[PDB]
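Q: Before I ask anything, let me first share the structure, which is written out below as structure tokens.
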Amino acid sequence: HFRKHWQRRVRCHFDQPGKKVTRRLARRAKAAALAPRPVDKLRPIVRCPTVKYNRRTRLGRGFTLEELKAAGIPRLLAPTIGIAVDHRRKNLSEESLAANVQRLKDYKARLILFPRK
Amino acid sequence: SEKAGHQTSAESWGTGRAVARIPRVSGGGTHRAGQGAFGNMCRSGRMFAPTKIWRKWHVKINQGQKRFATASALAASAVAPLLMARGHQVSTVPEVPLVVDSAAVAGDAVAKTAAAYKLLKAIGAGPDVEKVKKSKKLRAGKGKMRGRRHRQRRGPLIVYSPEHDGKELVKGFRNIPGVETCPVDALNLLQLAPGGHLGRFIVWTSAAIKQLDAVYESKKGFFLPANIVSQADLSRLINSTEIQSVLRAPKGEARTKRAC
Amino acid sequence: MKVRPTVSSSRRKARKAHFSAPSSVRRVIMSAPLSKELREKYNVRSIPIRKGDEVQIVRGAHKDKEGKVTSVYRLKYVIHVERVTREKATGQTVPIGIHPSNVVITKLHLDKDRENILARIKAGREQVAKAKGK
Amino acid sequence: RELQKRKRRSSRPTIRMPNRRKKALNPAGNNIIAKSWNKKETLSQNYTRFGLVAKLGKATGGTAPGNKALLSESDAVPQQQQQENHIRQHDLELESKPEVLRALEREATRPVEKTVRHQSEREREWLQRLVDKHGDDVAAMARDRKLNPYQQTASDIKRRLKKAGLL
RNA sequence: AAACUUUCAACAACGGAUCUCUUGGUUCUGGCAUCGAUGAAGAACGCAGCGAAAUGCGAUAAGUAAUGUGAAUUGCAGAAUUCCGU
RNA sequence: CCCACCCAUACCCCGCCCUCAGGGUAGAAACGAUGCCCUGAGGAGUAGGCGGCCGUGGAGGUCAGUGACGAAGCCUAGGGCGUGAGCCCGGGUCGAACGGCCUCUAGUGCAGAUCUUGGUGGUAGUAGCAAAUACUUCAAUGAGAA
RNA sequence: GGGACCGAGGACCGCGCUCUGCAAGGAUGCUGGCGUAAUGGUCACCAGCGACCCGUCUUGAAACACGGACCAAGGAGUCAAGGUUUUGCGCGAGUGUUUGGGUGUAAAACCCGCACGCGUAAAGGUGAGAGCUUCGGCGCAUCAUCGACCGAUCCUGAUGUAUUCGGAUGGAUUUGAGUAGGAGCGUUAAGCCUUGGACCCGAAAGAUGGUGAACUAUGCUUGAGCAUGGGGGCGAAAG
RNA sequence: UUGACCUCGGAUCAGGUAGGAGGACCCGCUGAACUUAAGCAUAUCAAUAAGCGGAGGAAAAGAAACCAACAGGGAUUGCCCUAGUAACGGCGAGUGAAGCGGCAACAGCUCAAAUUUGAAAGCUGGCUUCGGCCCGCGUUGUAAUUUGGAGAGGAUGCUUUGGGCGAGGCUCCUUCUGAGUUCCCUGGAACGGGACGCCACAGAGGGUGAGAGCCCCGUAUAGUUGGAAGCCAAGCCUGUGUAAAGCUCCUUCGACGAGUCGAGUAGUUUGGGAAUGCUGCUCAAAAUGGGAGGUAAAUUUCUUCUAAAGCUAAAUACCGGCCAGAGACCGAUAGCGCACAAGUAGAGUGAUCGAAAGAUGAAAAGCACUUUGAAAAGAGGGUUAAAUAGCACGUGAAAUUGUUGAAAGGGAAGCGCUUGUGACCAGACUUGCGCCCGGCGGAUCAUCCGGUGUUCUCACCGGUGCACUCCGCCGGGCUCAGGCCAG
């Protein structure tokens, strides 16, 4: 499959050790700004779509509105305390709901909050 | 450069004139004009098969084979003949694994470089740190012009425990020529077998010998390999009472007398 | 060995910088050790040379020859010393070049900036000795 | 290329750019994290000392040993077991350890300032005029039109009276 | 017998190979984001005692102001110009 | 028809080299079992196939390697080693670095390509004084001064 | 009896004989000569015999054709991706750390969380046969011969059937890359194949975008253009 | 007659802006041939190169008219895998995705559709005593409120605030911070060799008259002096208006983008005739609407999103810009065309084409002075360690050439084998051991003494002596073994 000019469009990766240093420095640079906070926001536990991966389970994008209200976290506060929020996702079953309001309840137990001023 | 030898406007003179059909540059007012171009035969041309970035520079080696090779280099370092076959002046140390007390290396005790020198002389590493100092020699060849100006030997490799000794010992040994420092969790084959030759002189510490069982247990996907030979002394296999009792009588001698 | 990334271990960049240096940083390169008496009094090891410095040549074919600096030629990294000269073919006596690293300064040419140089080296040398001692 | 050869031959000096970064790598200030952050240990190593979590996702690789940073029902209700329609909207009513974590807990639990808002001077005059006519009858005060131009319910007036100390 | 030609050796030429060198190139990686009608990039004309197939500068013309350093520049002429000093 | 003589890389005996084959070699050998010893047979060669070995640039280890009391290079009607590619030494020159071994690596080995670039010949002090340019000298055109 | 060429091996061991030692599994004894030269090397020259162009490329033939003035330096099967065969190596029904994360003495080394690629998974007789043996016999791998089971289609046509559906049982003179007690994954090295400039040099063409298109007269059209492609000029080829 | 409003113009009126460069990477437009298919036209080449337009430090994309058929996922982008699979194919050449999954990075929003109508609450300019005054825009709509997994309005009760200074800290530049020029030898010169030291969080690198950790610059580490601009910020002054904000509840409401979908047709393009997408032409929509899927399952049952308006960091690219660090790279016919006067010199009408050329010495000490004579030249003499290093300059190969010496030859000779002669060069076994006698001296001798180290029975020193023993040395005597070639 070398019918076209593959010479002009070949990309090597000698920056693979150098990009890893930059990526680890970006995580250190981010943690200097958000010094007591974790680097990454909290994400929900969701089930993979297809029949091939139904039995597996991964992290989603953000918590549903019903999950936040059941846990006791107000919607407009959640992005400001490290909880990602997805308005598109729906619950559609009690098993998806109960797994995530356990996760948010477990987040609140391990969370320490500091007053505003 | 991908454009080396291609920055010319040369056309062949064809079958007309009595010249070799090699592309010759146009123009008529310069010494360049009329000269051959665009060929490996030609001065200021392009070389055959120009070197490319996408040559295979790095080699993938299986992790099991890397840990096998590290296990063999560690075992060869516990053998006293293999130390002196590797060029180490090892005739003064009183035990060939040479485990030093961690209380003599832990913390600020070796953090000064003068104190690190005194410890090596006491335990018997003195001839080895003097061997590398006296072997300072300019490099034979054109690598001098490329940042590689001197060649010296290798000295003892100090192996320590970062959990129980700290990293202050690294700074004390850093200036002493030849001697190298390596944690017990991150052993390196390029340091254990320099040049592919086995038998590095290693100055262990007492905290590292305790950890050596643990670090080789924690390696997942790998176990200490079983040898295909249990008794590697072949003279014991052959000159044993059990083997020699069953043999046939010798059919001849080592030298055979000429019959006719 | 070198640690800081701004430092370069290139022979090419070092040789370019030495031989294409400005005269301000040629002055620091063109520096000489002080005598044993001057070391034990100013607590200073090495200062750059200026014109008025009485000096003593301790390396080369003109060893153990003492004199005053006549010229600090920074373009060829040369100092000139009184009565250290050779004759041309014509008989005209020309100064002989000694590098500043081949001489030891016996007497300084002291002005206000020179005492400030000597104070700053003594302040740093005293500070680290105190920091190492206690 | 042809630009770079001009600067090699020119007498103009090279302009050496200092090694600057858009984002600082190490935290600074007088707070708890900045006064206990080690310059030479990683993010995971520093948060392990603090007792805090750095990454909330799942592990993308093997971590070093010692790291703690990268981590009766009548109606059939799947939420009854996880219990403990209006909620507080601005804060969260919440319930051997490292020194940094114990120091941060003293910052969280530290008592705060109330900073009570006050009624404006004309607002007190509007309310005092209402007491001076109707006394404590909140129904007539809401139903009054001259002294209550912006027509407010008795429930709003009663709250403003109780704040101003006029019952 | 001279000469002429050939081979070899010593010495002397021609030529610039070989060895050594390298303020050059090539390739990789990293930090950063900045030309122009407030006249850019480029093209000329000029400015130094002897100067270019250089470099700097613009009638304030191998430069002025300001800050720092602290005693030069240098191929030759030449400067009562500056050394406890804006 | 008879007798005697001459010589092939052929045949016979001997020596030596190599290949192949058979045998021996451990309570180890009077030599790296990848060693050593004994015996036999065989030896042409294009395309082609396989094995070993020599040499060049650079990299890791090593020789406690060589070197301004002279490294590398080069020259040489000298002493050697190898079947060979090659390797060592002497004499002269010269003036700053270089080599042996085990591995690694490659822009790695030339008599040709009407090969490339450079340098230099015969033709030949010949054909020639045509173009081309080198130096000297001479004319004019326009200015001067003695 | 006369002569020539040769002396391999290196304690003893054997076969023997004419047995106090021999000519019997390979040369010792005695005498002489040798450092102002024993014995070699290089160059030059004479002499006897032999041969007297190299690389390519054809031929029954090179006595064909091509290349060669000389010397120095340069100069041509390489590197990627993908197949395949064999050797070495690790692990093994599994194997592959290196997209990425952690860590570091910082492009090295060391560590691995979930996936993913490929693969595996979703016991018969007889006779030979290496090896062993209580000498009675066991019998690897592999081959051959008859069996066993899975699927297929055919006919035979059970309990049954929704009453028009069924395939059970019995056989095939059939099939498969069928099963019958795994062998693969990763890597290093070598050879071959495909595609890239593809061992090095060498067409005529085609396309894209630009630069130039000298002079003369006349006529036509809307200062410019067109034409007489006219009149002159350049090149070609016939020794 | 006057004065509006609209529309179109003038002005060397005031305030602004665009052009050009660069273009490695980025976004559009336009668009070719050779080649392959051993011929060639569909196809490939290639949605490439050339041409045109437009940006930035990134750009572009981007918060579903999405993927899916699930127990569901949930903006965009990039890596691995999917996978040389699906799909389309003169079914030849070949071309060639995507969803799922593991990662990297993560961030959400602004309008139009409403009546502020109990008060255009908004904004550009000008004059300004900087404090607040005028003109104009604008109702053909500028603020606030809202943007469909929403919202509005009431009611009810809890929960939230706003400005200004600002010590100090981070980033980056700067100042200073270790130790031999100790003795001897070679050398023109120690930076080499030998002896004795010292520093080392510094034995990276460069210079210095030859290989320098300690002669010089630097290098390592924490500090330390001064400064620049951004950002953060302990605290400290003030706040305020019946001002704004979030949730709850509901006998009240809830507006969502048109010459756009779509139908036919032509061109283009894609793996993709629900056209895969786009564009042109003709016609031209809807509101329990529209789009894309799923399904033989018995009728289009169900599933999932809302198009025709807009913004937005990060993970990604990078032959260019400002710098910086590197290398199993090249080493002056190499490496960029250019290590140096290099896009220079030179050529062409022009577009364009485009070279050759590095090295004295440690230091010019770059040859004074005498004497030839017309010269880029000699002979003396001098500098230098060296001038057979003299700006023709490190070393200085071969082709080729001259002089001197030997020998040969007359269309010879050259190469192979074998002697001979001459010239030059070399120089054979490196040439030793063993006994006896006398003397001298040390020991490993002495059951001598003392000490040290050790592997704990072996070594080494110091002092004693010559009864024995053994080594040497000196002076005599004797014997043996010796390399090669002949007979």
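Ordered as shown in the structure tokens, chains take letters A, B, and onward, while each chain numbers its residues from 1 and ligands are numbered from 1 in the order shown.
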Could you give me, as a PDB file with N, CA and C atoms (P, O5', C5', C4', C3', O3' and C1' of nucleotides), in the first residue's frame, the residues within 10 Å of residue C:113, counting only C-alpha atoms (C1' of nucleotides) and dropping anything in the same chain fewer than 2 positions from it?

A:
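Once everything was written out, this is part36.pdb:
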```pdb
ATOM      1  N   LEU C 110      45.133  50.136  43.161  1.00  0.00           N
ATOM      2  CA  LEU C 110      43.927  50.268  43.965  1.00  0.00           C
ATOM      3  C   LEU C 110      43.205  51.572  43.653  1.00  0.00           C
ATOM      4  N   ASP C 111      41.941  51.456  43.253  1.00  0.00           N
ATOM      5  CA  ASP C 111      41.000  52.563  43.203  1.00  0.00           C
ATOM      6  C   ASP C 111      39.698  52.075  43.822  1.00  0.00           C
ATOM      7  N   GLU C 115      38.645  48.165  45.484  1.00  0.00           N
ATOM      8  CA  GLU C 115      38.309  47.736  46.838  1.00  0.00           C
ATOM      9  C   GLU C 115      36.907  47.145  46.915  1.00  0.00           C
ATOM     10  N   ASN C 116      35.991  47.583  46.049  1.00  0.00           N
ATOM     11  CA  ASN C 116      34.661  46.985  46.033  1.00  0.00           C
ATOM     12  C   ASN C 116      34.694  45.572  45.466  1.00  0.00           C
ATOM     13  N   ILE C 117      35.556  45.324  44.479  1.00  0.00           N
ATOM     14  CA  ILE C 117      35.738  43.967  43.970  1.00  0.00           C
ATOM     15  C   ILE C 117      36.328  43.080  45.054  1.00  0.00           C
ATOM     16  N   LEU C 118      37.323  43.602  45.769  1.00  0.00           N
ATOM     17  CA  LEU C 118      38.013  42.818  46.781  1.00  0.00           C
ATOM     18  C   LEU C 118      37.126  42.574  47.992  1.00  0.00           C
ATOM     19  N   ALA C 119      36.192  43.486  48.259  1.00  0.00           N
ATOM     20  CA  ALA C 119      35.280  43.288  49.376  1.00  0.00           C
ATOM     21  C   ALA C 119      34.242  42.225  49.054  1.00  0.00           C
TER      22      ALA C 119
ATOM     23  P     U E  69      27.778  48.958  38.689  1.00  0.00           P
ATOM     24  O5'   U E  69      28.966  48.290  37.871  1.00  0.00           O
ATOM     25  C5'   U E  69      29.123  46.882  37.843  1.00  0.00           C
ATOM     26  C4'   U E  69      30.015  46.445  36.712  1.00  0.00           C
ATOM     27  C3'   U E  69      31.463  46.880  36.797  1.00  0.00           C
ATOM     28  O3'   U E  69      32.228  46.019  37.614  1.00  0.00           O
ATOM     29  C1'   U E  69      30.635  47.220  34.604  1.00  0.00           C
ATOM     30  P     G E  70      33.004  46.578  38.890  1.00  0.00           P
ATOM     31  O5'   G E  70      34.393  47.076  38.305  1.00  0.00           O
ATOM     32  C5'   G E  70      35.081  46.316  37.323  1.00  0.00           C
ATOM     33  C4'   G E  70      35.741  47.200  36.298  1.00  0.00           C
ATOM     34  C3'   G E  70      36.865  48.079  36.829  1.00  0.00           C
ATOM     35  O3'   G E  70      37.885  48.206  35.848  1.00  0.00           O
ATOM     36  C1'   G E  70      35.135  49.434  35.938  1.00  0.00           C
ATOM     37  P     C E  84      42.968  57.757  40.710  1.00  0.00           P
ATOM     38  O5'   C E  84      41.836  57.798  41.829  1.00  0.00           O
ATOM     39  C5'   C E  84      41.063  58.973  42.036  1.00  0.00           C
ATOM     40  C4'   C E  84      39.744  58.667  42.698  1.00  0.00           C
ATOM     41  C3'   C E  84      39.326  59.658  43.781  1.00  0.00           C
ATOM     42  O3'   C E  84      37.902  59.767  43.807  1.00  0.00           O
ATOM     43  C1'   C E  84      39.579  57.510  44.733  1.00  0.00           C
ATOM     44  P     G E  85      37.178  61.015  43.096  1.00  0.00           P
ATOM     45  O5'   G E  85      37.711  60.961  41.596  1.00  0.00           O
ATOM     46  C5'   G E  85      37.283  61.905  40.627  1.00  0.00           C
ATOM     47  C4'   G E  85      36.538  61.233  39.503  1.00  0.00           C
ATOM     48  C3'   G E  85      35.092  60.869  39.795  1.00  0.00           C
ATOM     49  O3'   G E  85      34.213  61.967  39.636  1.00  0.00           O
ATOM     50  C1'   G E  85      36.189  59.030  38.788  1.00  0.00           C
TER      51        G E  85
END
```

Q: Would you list which chain C residues are within 9 Å of chain B using only C-alpha atoms, as a short mmCIF file (atom, residue, chain, number, x, y, z; two decimals) with N, CA and C atoms, in the first residue's frame?

A:
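The resulting file, out_35.cif, is shown below:
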```
data_model
loop_
_atom_site.label_atom_id
_atom_site.label_comp_id
_atom_site.auth_asym_id
_atom_site.auth_seq_id
_atom_site.Cartn_x
_atom_site.Cartn_y
_atom_site.Cartn_z
N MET C 1 29.32 16.44 37.57
CA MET C 1 29.25 16.88 36.18
C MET C 1 28.22 17.99 36.08
N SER C 9 27.94 21.50 27.50
CA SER C 9 29.21 20.79 27.41
C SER C 9 29.68 20.63 25.98
N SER C 10 29.45 21.64 25.15
CA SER C 10 29.86 21.58 23.75
C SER C 10 31.21 22.25 23.60
N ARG C 11 32.15 21.52 22.99
CA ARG C 11 33.45 22.10 22.68
C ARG C 11 33.31 23.16 21.60
N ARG C 12 32.35 22.99 20.69
CA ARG C 12 32.15 23.96 19.61
C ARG C 12 31.61 25.28 20.15
#
```

Q: As a ChimeraX atom specification, please: all residues of stretch 28-126 of chain C that backbone DSSP puts in strand (DSSP E or B).

A: /C:31-34,46-48,54-57,65-73,78-81,85-87,93-95,98,103-107

Q: Contacts of stretch 30-37 of chain D at 10 Å or less, counting only C-alpha atoms (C1' of nucleotides), minus same-chain residues fewer than 6 places along, as a PyMOL selection string?

A: (chain A and resi 32+35-36) or (chain D and resi 43+45-47+49-50+99-101+103-104+107) or (chain H and resi 168-169+233-234)

Q: With N, CA and C atoms (P, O5', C5', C4', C3', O3' and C1' of nucleotides) retained, write the just-selected residues as a PDB file, in the first residue's frame.

A:
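Heads up, here's the output in again.pdb:
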```pdb
ATOM      1  N   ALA A  32      -0.170  22.705  40.905  1.00  0.00           N
ATOM      2  CA  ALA A  32       0.295  23.897  41.600  1.00  0.00           C
ATOM      3  C   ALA A  32      -0.811  24.931  41.713  1.00  0.00           C
ATOM      4  N   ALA A  35      -4.002  23.512  44.375  1.00  0.00           N
ATOM      5  CA  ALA A  35      -3.050  22.856  45.272  1.00  0.00           C
ATOM      6  C   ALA A  35      -3.675  21.856  46.242  1.00  0.00           C
ATOM      7  N   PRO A  36      -4.754  22.154  46.983  1.00  0.00           N
ATOM      8  CA  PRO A  36      -5.355  21.085  47.789  1.00  0.00           C
ATOM      9  C   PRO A  36      -6.335  20.231  47.016  1.00  0.00           C
TER      10      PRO A  36
ATOM     11  N   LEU D  43       4.082  14.880  42.048  1.00  0.00           N
ATOM     12  CA  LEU D  43       2.716  15.150  42.485  1.00  0.00           C
ATOM     13  C   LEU D  43       2.158  14.023  43.339  1.00  0.00           C
ATOM     14  N   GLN D  45       3.878  11.780  45.027  1.00  0.00           N
ATOM     15  CA  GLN D  45       4.658  11.675  46.252  1.00  0.00           C
ATOM     16  C   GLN D  45       4.284  12.766  47.247  1.00  0.00           C
ATOM     17  N   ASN D  46       3.965  13.960  46.749  1.00  0.00           N
ATOM     18  CA  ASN D  46       3.613  15.061  47.636  1.00  0.00           C
ATOM     19  C   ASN D  46       2.233  14.866  48.249  1.00  0.00           C
ATOM     20  N   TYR D  47       1.257  14.448  47.442  1.00  0.00           N
ATOM     21  CA  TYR D  47      -0.089  14.216  47.955  1.00  0.00           C
ATOM     22  C   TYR D  47      -0.163  13.009  48.873  1.00  0.00           C
ATOM     23  N   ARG D  49       2.142  12.377  51.130  1.00  0.00           N
ATOM     24  CA  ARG D  49       2.513  12.969  52.408  1.00  0.00           C
ATOM     25  C   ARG D  49       1.362  13.758  53.006  1.00  0.00           C
ATOM     26  N   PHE D  50       0.595  14.449  52.164  1.00  0.00           N
ATOM     27  CA  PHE D  50      -0.511  15.247  52.672  1.00  0.00           C
ATOM     28  C   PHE D  50      -1.658  14.369  53.141  1.00  0.00           C
ATOM     29  N   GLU D  99       0.101  15.285  59.049  1.00  0.00           N
ATOM     30  CA  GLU D  99       0.046  16.611  59.651  1.00  0.00           C
ATOM     31  C   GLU D  99      -0.613  17.622  58.726  1.00  0.00           C
ATOM     32  N   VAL D 100      -0.411  17.479  57.418  1.00  0.00           N
ATOM     33  CA  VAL D 100      -1.034  18.397  56.470  1.00  0.00           C
ATOM     34  C   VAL D 100      -2.543  18.190  56.443  1.00  0.00           C
ATOM     35  N   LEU D 101      -2.990  16.938  56.544  1.00  0.00           N
ATOM     36  CA  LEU D 101      -4.424  16.673  56.574  1.00  0.00           C
ATOM     37  C   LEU D 101      -5.055  17.177  57.863  1.00  0.00           C
ATOM     38  N   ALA D 103      -3.921  19.673  59.558  1.00  0.00           N
ATOM     39  CA  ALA D 103      -3.893  21.127  59.478  1.00  0.00           C
ATOM     40  C   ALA D 103      -5.016  21.651  58.601  1.00  0.00           C
ATOM     41  N   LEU D 104      -5.354  20.922  57.540  1.00  0.00           N
ATOM     42  CA  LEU D 104      -6.436  21.355  56.667  1.00  0.00           C
ATOM     43  C   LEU D 104      -7.791  21.175  57.328  1.00  0.00           C
ATOM     44  N   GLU D 107      -8.580  24.173  59.295  1.00  0.00           N
ATOM     45  CA  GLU D 107      -9.032  25.276  58.454  1.00  0.00           C
ATOM     46  C   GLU D 107     -10.498  25.119  58.072  1.00  0.00           C
TER      47      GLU D 107
ATOM     48  P     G H 168       7.432  43.681  51.579  1.00  0.00           P
ATOM     49  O5'   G H 168       7.036  42.140  51.540  1.00  0.00           O
ATOM     50  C5'   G H 168       7.414  41.257  52.585  1.00  0.00           C
ATOM     51  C4'   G H 168       6.666  39.952  52.493  1.00  0.00           C
ATOM     52  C3'   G H 168       7.020  39.071  51.307  1.00  0.00           C
ATOM     53  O3'   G H 168       8.175  38.286  51.536  1.00  0.00           O
ATOM     54  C1'   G H 168       4.678  39.268  51.458  1.00  0.00           C
ATOM     55  P     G H 169       9.175  37.952  50.328  1.00  0.00           P
ATOM     56  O5'   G H 169       8.448  36.775  49.552  1.00  0.00           O
ATOM     57  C5'   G H 169       8.120  35.564  50.209  1.00  0.00           C
ATOM     58  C4'   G H 169       7.184  34.734  49.375  1.00  0.00           C
ATOM     59  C3'   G H 169       7.652  34.437  47.963  1.00  0.00           C
ATOM     60  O3'   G H 169       8.564  33.359  47.911  1.00  0.00           O
ATOM     61  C1'   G H 169       5.401  35.142  47.916  1.00  0.00           C
ATOM     62  P     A H 233      -5.879  34.785  45.399  1.00  0.00           P
ATOM     63  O5'   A H 233      -5.069  35.298  46.670  1.00  0.00           O
ATOM     64  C5'   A H 233      -4.509  34.394  47.611  1.00  0.00           C
ATOM     65  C4'   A H 233      -3.525  35.093  48.518  1.00  0.00           C
ATOM     66  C3'   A H 233      -4.125  36.135  49.443  1.00  0.00           C
ATOM     67  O3'   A H 233      -4.605  35.539  50.632  1.00  0.00           O
ATOM     68  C1'   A H 233      -2.218  37.030  48.351  1.00  0.00           C
ATOM     69  P     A H 234      -5.781  36.219  51.477  1.00  0.00           P
ATOM     70  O5'   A H 234      -5.152  36.357  52.932  1.00  0.00           O
ATOM     71  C5'   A H 234      -4.439  35.278  53.519  1.00  0.00           C
ATOM     72  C4'   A H 234      -3.494  35.758  54.591  1.00  0.00           C
ATOM     73  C3'   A H 234      -4.078  36.739  55.586  1.00  0.00           C
ATOM     74  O3'   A H 234      -4.801  36.098  56.614  1.00  0.00           O
ATOM     75  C1'   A H 234      -2.008  37.551  54.817  1.00  0.00           C
TER      76        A H 234
END
```

Q: Distance table requested - chain D against chain E, cut-off 12 Å, only C-alpha atoms (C1' of nucleotides): one row per qualifying residue with the closest atom pair and its distance in Å to one decimal, ordered by chain and rising residue number, as a tab-separated table.

A:
```
residue	atom	partner	partner_atom	distance
D:3	CA	E:41	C1'	11.8
D:5	CA	E:24	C1'	11.3
D:6	CA	E:55	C1'	10.3
D:7	CA	E:55	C1'	10.7
D:8	CA	E:23	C1'	9.8
D:9	CA	E:55	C1'	7.5
D:10	CA	E:55	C1'	5.9
D:11	CA	E:55	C1'	6.3
D:12	CA	E:56	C1'	8.2
D:13	CA	E:56	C1'	11.7
D:16	CA	E:32	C1'	11.5
D:17	CA	E:32	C1'	8.0
D:18	CA	E:31	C1'	8.5
D:19	CA	E:31	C1'	5.7
D:20	CA	E:31	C1'	6.6
D:21	CA	E:31	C1'	6.9
D:22	CA	E:32	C1'	8.6
D:23	CA	E:31	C1'	11.7
```

Q: Find the residues near residue C:20: any atom within 10 Å, counting only C-alpha atoms (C1' of nucleotides), skip ones fewer than 4 places away on the same chain, and give them as a PyMOL selection string.

A: (chain C and resi 14-16+26+75) or (chain E and resi 23)

Q: Run DSSP on the backbone and give me the residues of stretch 76-196 of chain B it puts in helix (DSSP H, G or I), as a count of residues only.

A: 48

Q: Mind checking which residues fall within 6 Å of stretch 38-45 of chain A, counting only C-alpha atoms (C1' of nucleotides), ignoring those fewer than 4 positions away in the same chain, and posting them as number ranges by chain?

A: A: 31, 58-63, 82-84; D: 53-56

Q: Can I get the selected residues back with N, CA, C and O atoms, as a compact mmCIF listing (two decimals), in the first residue's frame?

A:
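part_39.txt written:
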```txt
# COMPACT_ATOMS: atom_id res chain seq x y z
N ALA A 31 -1.52 21.05 39.23
CA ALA A 31 -1.68 20.80 40.66
C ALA A 31 -1.06 21.91 41.49
O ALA A 31 -1.35 22.03 42.68
N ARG A 58 -17.41 1.20 33.00
CA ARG A 58 -16.37 2.21 32.89
C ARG A 58 -16.84 3.52 33.49
O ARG A 58 -17.97 3.65 33.95
N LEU A 59 -15.94 4.50 33.49
CA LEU A 59 -16.26 5.85 33.90
C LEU A 59 -16.93 6.61 32.77
O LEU A 59 -16.53 6.51 31.61
N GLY A 60 -17.96 7.37 33.12
CA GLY A 60 -18.70 8.17 32.16
C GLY A 60 -18.19 9.58 32.07
O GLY A 60 -17.03 9.88 32.37
N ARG A 61 -19.07 10.48 31.65
CA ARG A 61 -18.73 11.88 31.49
C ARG A 61 -19.15 12.72 32.68
O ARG A 61 -18.35 13.51 33.19
N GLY A 62 -20.38 12.56 33.15
CA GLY A 62 -20.88 13.41 34.22
C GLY A 62 -22.13 12.82 34.82
O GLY A 62 -22.78 11.95 34.24
N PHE A 63 -22.46 13.31 36.01
CA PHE A 63 -23.56 12.75 36.76
C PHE A 63 -24.89 13.33 36.30
O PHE A 63 -25.00 14.51 35.97
N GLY A 82 -15.91 19.78 42.14
CA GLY A 82 -15.17 18.69 41.53
C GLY A 82 -16.01 17.55 40.99
O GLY A 82 -15.49 16.45 40.78
N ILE A 83 -17.29 17.81 40.74
CA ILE A 83 -18.21 16.80 40.25
C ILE A 83 -18.60 17.19 38.83
O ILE A 83 -19.13 18.28 38.60
N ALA A 84 -18.33 16.30 37.88
CA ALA A 84 -18.74 16.55 36.50
C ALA A 84 -20.21 16.21 36.32
O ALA A 84 -20.72 15.26 36.92
N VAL D 53 -6.01 12.99 47.81
CA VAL D 53 -6.18 12.26 46.56
C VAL D 53 -5.90 13.21 45.41
O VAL D 53 -6.47 14.31 45.34
N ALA D 54 -5.03 12.79 44.50
CA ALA D 54 -4.64 13.61 43.36
C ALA D 54 -5.47 13.31 42.12
O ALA D 54 -5.91 14.23 41.42
N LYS D 55 -5.70 12.03 41.84
CA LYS D 55 -6.51 11.60 40.70
C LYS D 55 -7.72 10.84 41.20
O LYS D 55 -7.60 9.91 42.00
N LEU D 56 -8.89 11.22 40.70
CA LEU D 56 -10.15 10.58 41.07
C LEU D 56 -10.58 9.49 40.10
O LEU D 56 -11.56 8.80 40.37
```
